[PDB]
Amino acid sequence: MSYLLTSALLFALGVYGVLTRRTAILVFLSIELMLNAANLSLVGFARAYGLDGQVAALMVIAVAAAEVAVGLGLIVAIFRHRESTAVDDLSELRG
Amino acid sequence: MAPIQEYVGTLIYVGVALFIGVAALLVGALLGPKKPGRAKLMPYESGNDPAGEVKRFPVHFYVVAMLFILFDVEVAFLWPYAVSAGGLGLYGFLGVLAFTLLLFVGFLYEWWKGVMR
Amino acid sequence: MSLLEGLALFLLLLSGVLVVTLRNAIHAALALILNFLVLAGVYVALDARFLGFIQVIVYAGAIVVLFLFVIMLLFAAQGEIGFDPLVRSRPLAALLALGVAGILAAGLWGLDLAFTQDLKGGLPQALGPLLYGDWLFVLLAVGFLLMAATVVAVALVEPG
Amino acid sequence: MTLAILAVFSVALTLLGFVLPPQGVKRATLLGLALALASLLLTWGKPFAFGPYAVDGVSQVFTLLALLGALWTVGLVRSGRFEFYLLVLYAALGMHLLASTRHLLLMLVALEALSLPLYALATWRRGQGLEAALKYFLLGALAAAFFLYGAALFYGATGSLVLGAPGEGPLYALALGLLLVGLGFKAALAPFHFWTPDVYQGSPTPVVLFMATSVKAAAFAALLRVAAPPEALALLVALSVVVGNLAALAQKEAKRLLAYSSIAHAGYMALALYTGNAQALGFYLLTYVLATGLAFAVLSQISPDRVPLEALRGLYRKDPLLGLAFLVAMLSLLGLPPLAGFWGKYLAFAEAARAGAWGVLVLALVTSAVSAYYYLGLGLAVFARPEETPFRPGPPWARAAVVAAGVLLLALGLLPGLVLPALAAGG
Amino acid sequence: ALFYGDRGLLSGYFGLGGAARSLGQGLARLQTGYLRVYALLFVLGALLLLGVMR
């Protein structure tokens, strides 16, 4: 059960990153950490409930791969000619 | 299958390899003349700027790495079928064939577009 | 158990602290790879074996390698440029960082679970009939999703 | 076995685009989507399930709506990139898989399969389009992480990842909340609504059409499968409606105001979630989809990048039918008799009162009465004096489509006892 | 005088409308456009919702 508490703690850590991180890349890294904390919880509950959460976590890894690919393509598209990927430089759209 | 004892043997293998490598680093670092020079610590190539001021490197390496991550996910999915294959019969064979054809269509797209870019 | 369990958890938490605190992107991704190694070891300790091997192969070997490829193409290590610092959010986030843990801890606190199943190790030998079968539909959906991901990234960059 | 049609058309066209001109790929996509819609028609009342793929009223209704919006928005798109068509097909299939399954992890795969093309379709290359795409991508990945830890805790509460499990106490509640977070995010529910105005404002108008039809349809189709408790539902509804309408008052731009309107309408639709009727909600979403697709096809005929509120004005002098349809659509989105927006609103309010939630319902009604401020500043503006505004008065395709959509809105407002009897099994 | 009072009553109804719009723009100013603001408000609302669910 300590493992699932650790998964929650890592979820919290990725959250602290996503909030605190200034650049897109470190935010995306924190999101990868969040997804793998979820995968840890899924592995635990598969050990408890019979191994389906393992294939679940496998599919989660696939999801992370697809969204990593797309996010990096988008990042390049926006900030290749542009300066530092800092999103606080993009404030055109305001309420 | 395999016992867990082999896995602690693996950990000891890694600890021994790491310890010997750090030992080699210690031998190299401790034994030396130790006369630093300003030009010695300079990067390279005759005065400054071996590469120096250059724009960001080509994205083709990003393309190769992304290709690799998606097709390595493919391989990771193909392995459980590689081990448990006969038990899945023609139905599992046909399912894995469809999976392979889909990702090979993705490859065929990226190839007919090509990456010389 | 607890002897090495404490070590694995301390390494996992410290690596997370590194990857969310350090300003060096390279150090952060490296701490995340150390994290994945510790986590694959924990998977192994959790009788989930094949998944740990794919975790080290795919996540460390492939994903964060591409992270490193892009951030080495685009230096980006000195992130603190164009700040708009917003200092108050640094401790405040920790508050929220605590909060998103607390409620989770409430769902799991006072919770006893049956962690007793003879998985016989998470080998792909047993995971195959699950993947092609009960999970075959999700597998085909994932493969098509990967094809769509390739097409999206390709049409997305595509300088012309 | 319509999913087979979608997969076949998408995968075939993926390669055929190298041999076929974008116009040929466009016509092929149109044919494929129309055939999938027809297949849905011929299968009305023919439930078909293979695995986690389960076709019920929700599947059929909401996939029909999504295909309708996709066909409409393809009608407008003529770009010389076959990719800008392929993604549409892809998104369709993805949203299909979202409504047609009960497996939580397959729900996640469908969420990704539908969300990935939507990030890219908003790239007319305008820097604000990229700003919107980045905001969208980061917040969507955050919501995917939340949804995933919810599915994990769900598996913690029961041995299966399929909805319909009995469910425990606090852990089941936490898991359901972490699922509802991402699902309502896709459904524009507050306090997760921040992405919607920026994204609707930055993206090209036909893309926002496609979004405001298919995204919301598929998101509610996935929401109905969840057994959301009424207290969280009250929180979401209250916050969404209040902040949406209030902040919509102060907006100066058409697309951003309409995104706020879609937030308020998602808050309204979430009332059927009290009973999970899925008949009334199917009808409501049918009307809202038709009206909003119409309005955004017109906005596309006005301006892709951005449309100011003054641009809407004088349209009747410019185009009679377009002005009439925009007025009718504004009234239906207000939910006024004898328009179908009123039937949908009434059906949702009836389900909510039948569940016995009174203050929330009255607050939604008072705020919906407040909404007439901008609903009227838009609907009536058709008759104002045309100020400076780029105006391209469309082809006959979109004109006839707009006419049919408006006529159907008013017809289902007058005589709902025609289709609504068949939104269940479909006698 | 009562005509003046009716004028003032209608002006007070207008003041209600003006309070509604002012509250609206105070809620609209909540969307600044920095993504960090949006994610912070997102996480706050999600925590609040999960807390209510008990």
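Residues to consider are A:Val87, A:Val70, A:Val63; find the one that is free of Cβ contacts under 8 Å to residues at least 40 places away in the same chain and over 23 Å from C:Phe53 (Cα atoms).
The conditions single out A:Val70.
Conditions (1) within 22 Å of the chain's Cα centre (by Cα); (2) closer than 18 Å to D:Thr287 by Cα; (3) buried (at least 23 other Cβ atoms within 10 Å of the Cβ); (4) among the aliphatic types (A, V, I, L, M), marked per residue:
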position	(1), (2), (3), (4)
D:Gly344	yes, yes, yes, no
D:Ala353	no, no, no, yes
D:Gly356	no, no, no, no
D:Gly379	yes, yes, no, no
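Read through the list (1) more than 16 Å from the chain's Cα centre (by Cα); (2) buried (at least 18 other Cβ atoms within 10 Å of the Cβ); (3) facing chain D (nearest Cβ under 8 Å); (4) not acidic (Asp, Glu), then give the number of the only condition that E:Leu40 fails.
Answer for E:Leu40: the failing condition is (3).
Search the stretch D:172-187 for residues being closer than 12 Å to D:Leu139 by Cα and more than 13 Å from the chain's Cα centre (by Cα), and hand back the single one that is nearest to the other protein chains (Cβ to nearest Cβ).
D:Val181
Being in a loop (DSSP other than H, G, I, E, B) and free of Cβ contacts under 8 Å to residues at least 40 places away in the same chain is the filter here; which residues of the stretch C:111-160 pass it?
C:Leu111, C:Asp112, C:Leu113, C:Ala114, C:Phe115, C:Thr116, C:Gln117, C:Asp118, C:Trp135, C:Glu158, C:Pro159, C:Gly160
Could you give every pair whose Cβ atoms fall below 9 Å, whose first residue belongs to the stretch D:273-299 and is under 15 Å from D:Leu321 (Cα atoms), and whose second residue is small (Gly, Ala, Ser) and outside any helix (DSSP H, G or I), counting only separations of at least 6 or pairs across chains?
From residues that are under 15 Å from D:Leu321 (Cα atoms), the pairs are D:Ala297/D:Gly394; D:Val298/D:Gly394.
Tell me, please, whether a residue that is among the hydrophobic types (A, V, I, L, M, F, W, C), surrounded by 10 or more Cβ atoms within 10 Å (Cβ to Cβ) and over 28 Å from the mean Cα position of the chain (by Cα) can be found in the stretch B:70-79.
no
In this structure, does D:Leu148 turn out to be farther than 22 Å from A:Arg94 by Cβ, among the aliphatic types (A, V, I, L, M) and crowded, with 23+ Cβ neighbours inside 10 Å?
Yes; evaluated as a whole, the condition is true for this residue.
I need a count of the residues in the stretch D:250-308 that are of a type in the set (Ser, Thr, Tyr) and in contact with an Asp or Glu (Cβ under 9 Å, 6 or more places away or on another chain).
Count: 2.
Can you pull out the residues in the stretch D:238-247 that are more than 7 Å from chain E (Cβ to nearest Cβ) and either buried (at least 22 other Cβ atoms within 10 Å of the Cβ) or not in a helix (DSSP H, G or I) (or both)?
If the condition is that a residue be more than 7 Å from chain E (Cβ to nearest Cβ) and either buried (at least 22 other Cβ atoms within 10 Å of the Cβ) or not in a helix (DSSP H, G or I) (or both), then D:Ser240, D:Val241, D:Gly244, D:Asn245 are the ones that fit.
State which residue is surrounded by the most Cβ atoms within 10 Å (Cβ to Cβ) when the search covers only the stretch C:42-75 and only residues that are part of a loop (DSSP other than H, G, I, E, B) and either touching a residue at least 60 places away in the same chain (Cβ under 8 Å) or at the interface with another protein chain (Cβ under 7 Å from one of its Cβ atoms) (or both).
Per the stated criteria, the residue is C:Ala48.
Answer with yes or no whether D:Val162 is surrounded by fewer than 24 Cβ atoms within 10 Å (Cβ to Cβ) and either within 24 Å of D:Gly282 (Cα to Cα) or facing another protein chain (nearest Cβ under 7 Å) (or both).
The answer is yes for D:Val162.
Is there a residue being within 7 Å of another protein chain (Cβ to nearest Cβ), of a type in the set (S, T, N, Q), under 23 Å from A:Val55 (Cβ atoms) and touching a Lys or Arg at 6+ places or on another chain (Cβ under 7 Å) anywhere in the stretch C:76-97?
no
Tally the residues that are under 20 Å from D:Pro197 (Cβ atoms) and either hydroxyl-bearing (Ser, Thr, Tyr) or in contact with a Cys (Cβ under 8 Å, 6 or more places away or on another chain) (or both), restricting the search to the stretch D:293-342.
Going through the stretch D:293-342 one residue at a time, the tally reaches 2.
Working carefully through the options D:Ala190, D:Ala247, find the one that is hydrophobic (A, V, I, L, M, F, W, C) and farther than 21 Å from D:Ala141 by Cα.
Answer to the selection: D:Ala247.
Looking at C:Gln125, C:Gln117, which is the one that is facing another protein chain (nearest Cβ under 7 Å), touching a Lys or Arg at 6+ places or on another chain (Cβ under 9 Å) and farther than 30 Å from B:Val59 by Cβ?
C:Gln117
Confirm whether D:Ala221 is part of a loop (DSSP other than H, G, I, E, B), in contact (Cβ under 8 Å) with a residue 24 or more places away in the chain and either facing chain E (nearest Cβ under 8 Å) or closer than 25 Å to D:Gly164 by Cβ (or both).
Considered against the rule, which asks whether it is part of a loop (DSSP other than H, G, I, E, B), in contact (Cβ under 8 Å) with a residue 24 or more places away in the chain and either facing chain E (nearest Cβ under 8 Å) or closer than 25 Å to D:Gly164 by Cβ (or both), D:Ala221 comes out as no.
Please enumerate the residues belonging to the stretch D:294-333 that are closer than 23 Å to D:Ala122 by Cβ and basic (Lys, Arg).
D:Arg306
In the stretch D:290-340, what count of residues is obtained for those that are among the charged types (D, E, K, R) and under 22 Å from the mean Cα position of the chain (by Cα)?
2
Run down D:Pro338, D:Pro416 and say which single residue is in contact with a helix residue (DSSP H, G or I) (Cβ under 9 Å, 6 or more places away or on another chain), more than 30 Å from D:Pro230 (Cβ to Cβ) and not in a helix (DSSP H, G or I).
Within the list D:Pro338, D:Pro416, the selection yields D:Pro338.
Does B:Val27 count as over 29 Å from the mean Cα position of the chain (by Cα), part of a helix (DSSP H, G or I) and either more than 10 Å from chain C (Cβ to nearest Cβ) or of a type in the set (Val, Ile, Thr) (or both)?
yes
Is it fair to say E:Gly24 is within 10 Å of chain D (Cβ to nearest Cβ), buried (at least 16 other Cβ atoms within 10 Å of the Cβ) and outside any helix (DSSP H, G or I)?
In short, no.
Which of the residues belonging to the stretch A:1-59 are more than 7 Å from chain C (Cβ to nearest Cβ), over 24 Å from D:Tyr136 (Cα atoms) and hydrophobic (A, V, I, L, M, F, W, C)?
A:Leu42, A:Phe45, A:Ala46, A:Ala56 - these are the residues of the stretch A:1-59 that are more than 7 Å from chain C (Cβ to nearest Cβ), over 24 Å from D:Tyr136 (Cα atoms) and hydrophobic (A, V, I, L, M, F, W, C).
Inspect all residues belonging to the stretch D:58-66 and state whether any of them is more than 13 Å from every other protein chain (Cβ to nearest Cβ), more than 30 Å from D:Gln301 (Cα to Cα) and either of a type in the set (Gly, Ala, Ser) or not in a helix (DSSP H, G or I) (or both).
yes
Say we look at the stretch D:8-54 and pick out the residues that are in contact with an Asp or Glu (Cβ under 8 Å, 6 or more places away or on another chain) and surrounded by fewer than 17 Cβ atoms within 10 Å (Cβ to Cβ); which of these is farthest from D:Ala70 (Cα to Cα)?
The extreme case among them is D:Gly51.
Working only within the stretch D:375-402, note down all residues that are over 30 Å from D:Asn277 (Cα atoms), out of contact with any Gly (no Cβ under 9 Å at 6 or more places or on another chain), touching a residue at least 40 places away in the same chain (Cβ under 8 Å) and assigned to a helix (DSSP H, G or I).
If the condition is that a residue be over 30 Å from D:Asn277 (Cα atoms), out of contact with any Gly (no Cβ under 9 Å at 6 or more places or on another chain), touching a residue at least 40 places away in the same chain (Cβ under 8 Å) and assigned to a helix (DSSP H, G or I), then D:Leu376, D:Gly377, D:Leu378, D:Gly379, D:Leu380, D:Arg399 are the ones that fit.
Cβ atoms come from the backbone with ideal geometry, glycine included; neighbour counts cover every protein chain shown. Bear in mind that the values in this text are calculations on the coordinates, not laboratory data.
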